[PDB]
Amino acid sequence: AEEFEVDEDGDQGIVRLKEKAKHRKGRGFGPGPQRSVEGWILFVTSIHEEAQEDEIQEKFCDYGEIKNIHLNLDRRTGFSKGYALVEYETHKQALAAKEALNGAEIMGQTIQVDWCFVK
């Protein structure tokens, strides 16, 4: 597809960061929301490990039409990771949910809600 833009600043930001590192090991050494293709995606964190999609779908459904919900599960334990991507149809809905749900709680635990992609 499309070749990555040249990014001198970014490339050098990585350099600084790596040269500031004082512990190394491994054979290797040898603002502003951005819309997705089919809607607006929020990123939810601090989700209880015992939570399932149903609970997420439930708490976010009142703010608009949910196009997708990814509540990924931990690959070893089977519990949910701790995060989720909730995609709404519009910016308005996504913003409303975000303002109302950031700080709310699921299964007694406080969650955080933010934009997933930015500019």
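Note that residue numbering begins at 1 and tracks the sequence as displayed.
Per the record, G30 and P31 are separated by 10 or more deposited residues that have no coordinates.
When 63-71 is weighed against 50-58, 50-58 comes out higher, by mean CA B-factor as recorded in the entry. Ranked against the other modelled residues of its chain, the C-alpha B-factor of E87 as given in the entry falls in the lowest third. Among the modelled residues of the chain, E3 sits in the middle third by CA temperature factor in this PDB entry. The entry lists a Cα temperature factor for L95 that places it in the lowest third of the chain's modelled residues. The PDB entry assigns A104 a C-alpha temperature factor belonging to the highest third of its chain's modelled residues. Ranked against the other modelled residues of its chain, the C-alpha B-factor of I14 as given in the entry falls in the lowest third.
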